[PDB]
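Next comes run.cif, a file with mmCIF, C-alpha atoms.
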data_work
loop_
_atom_site.group_PDB
_atom_site.id
_atom_site.type_symbol
_atom_site.label_atom_id
_atom_site.label_comp_id
_atom_site.auth_asym_id
_atom_site.auth_seq_id
_atom_site.Cartn_x
_atom_site.Cartn_y
_atom_site.Cartn_z
ATOM 1 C CA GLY T 1 111.746 190.070 -40.160
ATOM 2 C CA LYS T 2 109.821 193.104 -38.919
ATOM 3 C CA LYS T 3 111.898 193.139 -35.739
ATOM 4 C CA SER T 4 115.109 193.119 -37.786
ATOM 5 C CA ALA T 5 113.739 195.969 -39.913
ATOM 6 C CA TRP T 6 113.041 198.049 -36.810
ATOM 7 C CA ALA T 7 116.505 197.197 -35.489
ATOM 8 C CA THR T 8 117.964 198.418 -38.787
ATOM 9 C CA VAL T 9 116.094 201.736 -38.629
ATOM 10 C CA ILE T 10 117.055 202.282 -34.996
ATOM 11 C CA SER T 11 120.700 201.361 -35.672
ATOM 12 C CA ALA T 12 120.809 203.994 -38.413
ATOM 13 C CA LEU T 13 119.319 206.504 -35.962
ATOM 14 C CA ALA T 14 121.901 205.513 -33.333
ATOM 15 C CA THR T 15 124.634 205.993 -35.938
ATOM 16 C CA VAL T 16 123.436 209.530 -36.630
ATOM 17 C CA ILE T 17 123.081 210.413 -32.938
ATOM 18 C CA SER T 18 126.483 208.908 -32.102
ATOM 19 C CA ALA T 19 128.022 211.029 -34.859
ATOM 20 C CA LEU T 20 126.332 214.103 -33.377
ATOM 21 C CA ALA T 21 127.660 213.147 -29.932
ATOM 22 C CA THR T 22 131.144 212.863 -31.454
ATOM 23 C CA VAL T 23 130.899 216.368 -32.903
ATOM 24 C CA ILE T 24 129.608 217.887 -29.660
ATOM 25 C CA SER T 25 132.335 216.064 -27.723
ATOM 26 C CA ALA T 26 134.969 217.547 -30.039
ATOM 27 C CA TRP T 27 133.356 220.956 -29.457
ATOM 28 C CA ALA T 28 133.675 220.419 -25.700
ATOM 29 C CA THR T 29 137.282 219.260 -26.097
ATOM 30 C CA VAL T 30 138.296 222.496 -27.851
ATOM 31 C CA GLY T 31 135.541 224.716 -26.417
ATOM 32 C CA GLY N 1 140.664 218.146 -21.833
ATOM 33 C CA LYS N 2 142.063 214.669 -22.367
ATOM 34 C CA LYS N 3 138.892 213.035 -21.023
ATOM 35 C CA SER N 4 136.753 214.856 -23.600
ATOM 36 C CA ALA N 5 139.254 213.940 -26.321
ATOM 37 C CA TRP N 6 138.955 210.281 -25.323
ATOM 38 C CA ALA N 7 135.165 210.593 -25.323
ATOM 39 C CA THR N 8 135.359 212.039 -28.841
ATOM 40 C CA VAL N 9 137.527 209.180 -30.116
ATOM 41 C CA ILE N 10 135.354 206.500 -28.530
ATOM 42 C CA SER N 11 132.136 208.123 -29.748
ATOM 43 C CA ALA N 12 133.585 208.028 -33.266
ATOM 44 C CA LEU N 13 134.382 204.320 -32.827
ATOM 45 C CA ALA N 14 130.827 203.750 -31.601
ATOM 46 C CA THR N 15 129.606 205.509 -34.758
ATOM 47 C CA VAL N 16 131.729 203.192 -36.910
ATOM 48 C CA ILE N 17 130.427 200.042 -35.258
ATOM 49 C CA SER N 18 126.843 201.333 -35.303
ATOM 50 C CA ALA N 19 127.034 201.896 -39.069
ATOM 51 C CA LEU N 20 128.330 198.343 -39.519
ATOM 52 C CA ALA N 21 125.553 197.073 -37.218
ATOM 53 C CA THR N 22 123.022 198.900 -39.388
ATOM 54 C CA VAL N 23 124.313 197.148 -42.501
ATOM 55 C CA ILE N 24 124.358 193.702 -40.875
ATOM 56 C CA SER N 25 120.870 194.212 -39.430
ATOM 57 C CA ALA N 26 119.596 195.089 -42.905
ATOM 58 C CA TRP N 27 121.287 191.906 -44.136
ATOM 59 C CA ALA N 28 119.426 189.945 -41.448
ATOM 60 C CA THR N 29 116.192 191.742 -42.363
ATOM 61 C CA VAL N 30 116.397 190.475 -45.946
ATOM 62 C CA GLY N 31 117.473 187.010 -44.782
ATOM 63 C CA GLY F 1 118.378 183.197 -37.367
ATOM 64 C CA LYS F 2 122.168 183.020 -37.486
ATOM 65 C CA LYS F 3 122.320 186.315 -39.394
ATOM 66 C CA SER F 4 120.080 187.953 -36.785
ATOM 67 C CA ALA F 5 122.363 186.608 -34.048
ATOM 68 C CA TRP F 6 125.436 188.116 -35.722
ATOM 69 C CA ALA F 7 123.564 191.404 -36.144
ATOM 70 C CA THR F 8 122.841 191.257 -32.406
ATOM 71 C CA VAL F 9 126.536 190.748 -31.593
ATOM 72 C CA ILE F 10 127.577 193.735 -33.708
ATOM 73 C CA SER F 11 124.787 195.947 -32.334
ATOM 74 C CA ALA F 12 125.749 195.025 -28.759
ATOM 75 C CA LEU F 13 129.358 195.939 -29.574
ATOM 76 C CA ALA F 14 128.209 199.354 -30.794
ATOM 77 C CA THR F 15 126.176 199.754 -27.608
ATOM 78 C CA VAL F 16 129.085 198.917 -25.290
ATOM 79 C CA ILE F 17 131.443 201.305 -27.115
ATOM 80 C CA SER F 18 128.835 204.084 -27.011
ATOM 81 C CA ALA F 19 128.294 203.429 -23.288
ATOM 82 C CA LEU F 20 132.038 203.688 -22.679
ATOM 83 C CA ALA F 21 132.038 207.023 -24.498
ATOM 84 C CA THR F 22 129.125 208.114 -22.293
ATOM 85 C CA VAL F 23 130.829 207.182 -19.029
ATOM 86 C CA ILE F 24 134.010 208.982 -20.067
ATOM 87 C CA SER F 25 131.989 212.045 -21.088
ATOM 88 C CA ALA F 26 130.132 212.062 -17.755
ATOM 89 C CA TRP F 27 133.432 211.652 -15.906
ATOM 90 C CA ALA F 28 134.695 214.692 -17.811
ATOM 91 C CA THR F 29 131.517 216.531 -16.774
ATOM 92 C CA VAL F 30 132.320 215.905 -13.108
ATOM 93 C CA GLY F 31 136.044 216.421 -13.740
ATOM 94 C CA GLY O 1 131.459 222.695 -18.087
ATOM 95 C CA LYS O 2 128.161 223.290 -19.853
ATOM 96 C CA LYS O 3 129.551 222.024 -23.163
ATOM 97 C CA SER O 4 130.854 218.803 -21.596
ATOM 98 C CA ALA O 5 127.510 218.270 -19.867
ATOM 99 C CA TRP O 6 125.655 218.683 -23.168
ATOM 100 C CA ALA O 7 128.087 216.264 -24.804
ATOM 101 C CA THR O 8 127.271 213.776 -22.055
ATOM 102 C CA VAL O 9 123.524 214.162 -22.648
ATOM 103 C CA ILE O 10 123.850 213.591 -26.403
ATOM 104 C CA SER O 11 126.238 210.651 -25.951
ATOM 105 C CA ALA O 12 123.823 209.085 -23.448
ATOM 106 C CA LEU O 13 121.032 209.512 -26.006
ATOM 107 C CA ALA O 14 123.127 207.715 -28.615
ATOM 108 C CA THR O 15 123.778 204.937 -26.099
ATOM 109 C CA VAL O 16 120.070 204.492 -25.291
ATOM 110 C CA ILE O 17 119.102 204.399 -28.990
ATOM 111 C CA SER O 18 121.869 201.883 -29.736
ATOM 112 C CA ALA O 19 120.742 199.793 -26.761
ATOM 113 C CA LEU O 20 117.189 199.827 -28.119
ATOM 114 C CA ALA O 21 118.491 198.572 -31.452
ATOM 115 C CA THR O 22 120.386 195.833 -29.602
ATOM 116 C CA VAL O 23 117.390 194.636 -27.585
ATOM 117 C CA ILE O 24 115.220 194.576 -30.708
ATOM 118 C CA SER O 25 117.876 192.612 -32.603
ATOM 119 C CA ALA O 26 118.205 190.074 -29.768
ATOM 120 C CA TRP O 27 114.429 189.681 -29.606
ATOM 121 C CA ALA O 28 114.473 189.075 -33.362
ATOM 122 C CA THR O 29 117.190 186.461 -32.805
ATOM 123 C CA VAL O 30 114.958 184.482 -30.442
ATOM 124 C CA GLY O 31 111.913 184.813 -32.727
ATOM 125 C CA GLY I 1 124.524 220.002 -9.384
ATOM 126 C CA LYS I 2 127.562 218.044 -8.247
ATOM 127 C CA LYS I 3 125.397 215.265 -6.805
ATOM 128 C CA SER I 4 123.405 214.889 -10.033
ATOM 129 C CA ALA I 5 126.635 214.821 -12.039
ATOM 130 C CA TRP I 6 128.040 212.063 -9.822
ATOM 131 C CA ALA I 7 124.779 210.146 -10.187
ATOM 132 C CA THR I 8 125.174 210.435 -13.952
ATOM 133 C CA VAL I 9 128.736 209.080 -13.806
ATOM 134 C CA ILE I 10 127.723 206.063 -11.709
ATOM 135 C CA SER I 11 124.638 205.364 -13.841
ATOM 136 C CA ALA I 12 126.786 205.533 -16.989
ATOM 137 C CA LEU I 13 129.182 203.045 -15.382
ATOM 138 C CA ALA I 14 126.290 200.681 -14.695
ATOM 139 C CA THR I 15 125.183 201.072 -18.314
ATOM 140 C CA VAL I 16 128.652 200.266 -19.699
ATOM 141 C CA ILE I 17 129.010 197.180 -17.468
ATOM 142 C CA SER I 18 125.530 195.966 -18.444
ATOM 143 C CA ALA I 19 126.371 196.566 -22.108
ATOM 144 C CA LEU I 20 129.534 194.494 -21.690
ATOM 145 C CA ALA I 21 127.453 191.676 -20.238
ATOM 146 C CA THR I 22 125.092 191.980 -23.212
ATOM 147 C CA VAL I 23 127.830 191.835 -25.849
ATOM 148 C CA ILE I 24 129.413 188.826 -24.144
ATOM 149 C CA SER I 25 126.044 187.061 -23.971
ATOM 150 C CA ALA I 26 125.357 187.733 -27.667
ATOM 151 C CA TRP I 27 128.815 186.460 -28.598
ATOM 152 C CA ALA I 28 128.057 183.335 -26.565
ATOM 153 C CA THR I 29 124.777 183.010 -28.480
ATOM 154 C CA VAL I 30 126.606 182.884 -31.815
ATOM 155 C CA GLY I 31 129.250 180.462 -30.495
ATOM 156 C CA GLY Q 1 122.013 178.044 -27.719
ATOM 157 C CA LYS Q 2 118.374 179.010 -27.234
ATOM 158 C CA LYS Q 3 118.971 179.625 -23.521
ATOM 159 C CA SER Q 4 121.950 181.850 -24.347
ATOM 160 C CA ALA Q 5 119.776 183.764 -26.820
ATOM 161 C CA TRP Q 6 117.108 184.374 -24.169
ATOM 162 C CA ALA Q 7 119.819 185.462 -21.726
ATOM 163 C CA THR Q 8 120.982 187.913 -24.399
ATOM 164 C CA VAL Q 9 117.463 189.341 -24.789
ATOM 165 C CA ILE Q 10 117.099 189.890 -21.041
ATOM 166 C CA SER Q 11 120.597 191.378 -20.706
ATOM 167 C CA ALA Q 12 119.915 193.761 -23.607
ATOM 168 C CA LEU Q 13 116.682 194.812 -21.884
ATOM 169 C CA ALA Q 14 118.637 195.609 -18.719
ATOM 170 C CA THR Q 15 121.125 197.581 -20.810
ATOM 171 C CA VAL Q 16 118.457 199.682 -22.544
ATOM 172 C CA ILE Q 17 116.711 200.489 -19.243
ATOM 173 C CA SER Q 18 120.032 201.434 -17.628
ATOM 174 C CA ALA Q 19 120.867 203.627 -20.641
ATOM 175 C CA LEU Q 20 117.507 205.379 -20.321
ATOM 176 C CA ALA Q 21 118.273 206.037 -16.659
ATOM 177 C CA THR Q 22 121.660 207.428 -17.717
ATOM 178 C CA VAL Q 23 120.233 209.803 -20.315
ATOM 179 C CA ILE Q 24 117.642 211.091 -17.851
ATOM 180 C CA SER Q 25 120.339 211.556 -15.201
ATOM 181 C CA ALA Q 26 122.563 213.460 -17.647
ATOM 182 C CA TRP Q 27 119.592 215.591 -18.701
ATOM 183 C CA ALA Q 28 119.066 216.394 -15.021
ATOM 184 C CA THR Q 29 122.767 217.291 -14.795
ATOM 185 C CA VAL Q 30 122.339 219.870 -17.560
ATOM 186 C CA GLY Q 31 118.901 220.854 -16.235
ATOM 187 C CA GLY A 1 113.935 217.324 -8.975
ATOM 188 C CA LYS A 2 111.478 215.271 -10.995
ATOM 189 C CA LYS A 3 114.153 214.312 -13.536
ATOM 190 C CA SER A 4 116.359 212.846 -10.795
ATOM 191 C CA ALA A 5 113.340 211.051 -9.326
ATOM 192 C CA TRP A 6 112.642 209.501 -12.730
ATOM 193 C CA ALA A 7 116.305 208.528 -13.035
ATOM 194 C CA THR A 8 116.068 206.855 -9.621
ATOM 195 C CA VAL A 9 112.971 204.861 -10.587
ATOM 196 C CA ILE A 10 114.420 203.759 -13.919
ATOM 197 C CA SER A 11 117.775 202.848 -12.374
ATOM 198 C CA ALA A 12 115.884 200.635 -9.921
ATOM 199 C CA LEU A 13 114.059 198.978 -12.837
ATOM 200 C CA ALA A 14 117.405 198.453 -14.569
ATOM 201 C CA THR A 15 118.647 196.802 -11.362
ATOM 202 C CA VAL A 16 115.634 194.472 -11.356
ATOM 203 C CA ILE A 17 116.129 193.403 -14.956
ATOM 204 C CA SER A 18 119.892 193.046 -14.480
ATOM 205 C CA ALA A 19 119.352 190.660 -11.556
ATOM 206 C CA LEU A 20 116.980 188.592 -13.701
ATOM 207 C CA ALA A 21 119.531 188.679 -16.548
ATOM 208 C CA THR A 22 122.166 187.397 -14.127
ATOM 209 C CA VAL A 23 119.974 184.440 -13.188
ATOM 210 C CA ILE A 24 119.106 183.588 -16.799
ATOM 211 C CA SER A 25 122.750 183.894 -17.867
ATOM 212 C CA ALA A 26 123.726 181.462 -15.110
ATOM 213 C CA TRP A 27 120.986 179.160 -16.412
ATOM 214 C CA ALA A 28 122.517 179.399 -19.895
ATOM 215 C CA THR A 29 125.983 178.811 -18.422
ATOM 216 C CA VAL A 30 124.895 175.466 -16.969
ATOM 217 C CA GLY A 31 122.985 174.576 -20.143
ATOM 218 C CA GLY X 1 129.967 178.073 -21.738
ATOM 219 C CA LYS X 2 132.884 180.222 -20.586
ATOM 220 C CA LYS X 3 131.389 183.229 -22.361
ATOM 221 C CA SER X 4 128.071 182.687 -20.573
ATOM 222 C CA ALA X 5 129.933 182.407 -17.259
ATOM 223 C CA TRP X 6 131.666 185.734 -17.866
ATOM 224 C CA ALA X 7 128.330 187.261 -18.876
ATOM 225 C CA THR X 8 126.864 186.002 -15.594
ATOM 226 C CA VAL X 9 129.664 187.539 -13.511
ATOM 227 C CA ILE X 10 129.440 190.845 -15.365
ATOM 228 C CA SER X 11 125.631 190.909 -15.085
ATOM 229 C CA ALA X 12 125.948 190.498 -11.318
ATOM 230 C CA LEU X 13 128.465 193.358 -11.289
ATOM 231 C CA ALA X 14 126.103 195.497 -13.387
ATOM 232 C CA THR X 15 123.309 194.698 -10.930
ATOM 233 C CA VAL X 16 125.422 195.942 -8.030
ATOM 234 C CA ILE X 17 126.549 199.092 -9.860
ATOM 235 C CA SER X 18 123.004 199.848 -11.042
ATOM 236 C CA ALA X 19 121.815 199.555 -7.441
ATOM 237 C CA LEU X 20 124.557 201.978 -6.385
ATOM 238 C CA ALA X 21 123.501 204.356 -9.173
ATOM 239 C CA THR X 22 119.919 204.128 -7.887
ATOM 240 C CA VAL X 23 121.018 205.086 -4.377
ATOM 241 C CA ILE X 24 123.157 207.998 -5.573
ATOM 242 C CA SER X 25 120.306 209.171 -7.811
ATOM 243 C CA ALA X 26 117.953 209.156 -4.817
ATOM 244 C CA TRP X 27 120.598 211.138 -2.910
ATOM 245 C CA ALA X 28 120.665 213.690 -5.737
ATOM 246 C CA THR X 29 116.858 213.806 -5.821
ATOM 247 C CA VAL X 30 116.646 214.763 -2.132
ATOM 248 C CA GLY X 31 120.122 216.310 -1.825
#

Let's see the structure in the file written out as structure tokens.
Amino acid sequence: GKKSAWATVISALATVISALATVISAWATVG
Amino acid sequence: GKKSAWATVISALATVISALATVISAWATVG
Amino acid sequence: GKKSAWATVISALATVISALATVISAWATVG
Amino acid sequence: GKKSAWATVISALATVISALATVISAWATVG
Amino acid sequence: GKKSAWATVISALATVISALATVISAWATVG
Amino acid sequence: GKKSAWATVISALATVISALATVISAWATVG
Amino acid sequence: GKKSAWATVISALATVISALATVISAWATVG
Amino acid sequence: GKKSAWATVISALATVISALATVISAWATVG
């Protein structure tokens, strides 16, 4: 249970960081 | 260039799957 | 248990896609 | 370039955080 | 430098291949 | 099944450590 | 520098865990 | 079974590539 809760929090963090990586990668593509 | 454009697309796909992983991990957390 | 296993599969999929994005981004960095 | 290198760093961060979520989910799967 | 950038590319390749092994192992775990 | 789950845990550990190496290598590339 | 030295150490650790993962995955493959 | 066999092969490949990444990272550290 607690391990799945931590996995959930970290997956949400990964989702945010992956979105940021996507935006910076688009910036590099046109920059 | 094209490599950065591919990295952008695949990062976005990673973001999509990570958001789904977050939801399924929350589902596992509640049982 | 089965729900946690499915969450693991989907999280691992997100990880592999993010890693592919990373290798392509690094290849662009050296390219 | 510098922008592509930064994109690589942030994408690699997303990959490590997603991998952490994956290892924690697998550990939850085994108990 | 160029050597550090190449090291990043090869390390990212190792990470993607390891992630592929992980996703295939998790998929085997669920069936 | 249980053996495959343990194999998944150890593979995911390898993946997270390799990803950490990748992010540090990329950070050196921009550093 | 120190960042590349850390990347070297952690890549070696990733190699160690990946070899163990290979052995445990073969163990799972045979049952 | 077959999935675990593929995971074993890919883990061995990841082990080799991670070792190569370690060597190139050491080369960057002293190079």

Using all atoms listed in the file and a cutoff of 9 Å, can you tell me which residues are near (127.9, 195.2, -15.8) in the file's coordinates, and write them out as JSON, numbers by chain?
{"I": [13, 14, 15, 16, 17, 18, 19, 20, 21, 22], "Q": [15], "A": [18], "X": [7, 9, 10, 11, 12, 13, 14, 15, 16, 17, 18]}

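Of note, atom CA of residue A:29 and atom CA of residue I:26 are spaced 12.9 Å apart.
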
With chain Q laid on chain X by least squares, using all C-alpha atoms in order, how large is the RMSD?
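That comparison of chain X with chain Q gives 1.4 Å.
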
Could you work out how far atom CA of residue F:30 lies from atom CA of residue I:4, giving the answer in Å with one decimal?
9.5 Å

For stretch 10-17 of chain A, I'd like the enclosing box, axis-aligned and padded by 3 Å on every side, reported as JSON with centre and edge lengths in Å to one decimal.
{"center_x": 116.4, "center_y": 198.6, "center_z": -12.4, "size_x": 10.6, "size_y": 16.4, "size_z": 11.0}

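When atom CA of residue N:27 is paired with atom CA of residue O:28, their separation reads 13.1 Å.
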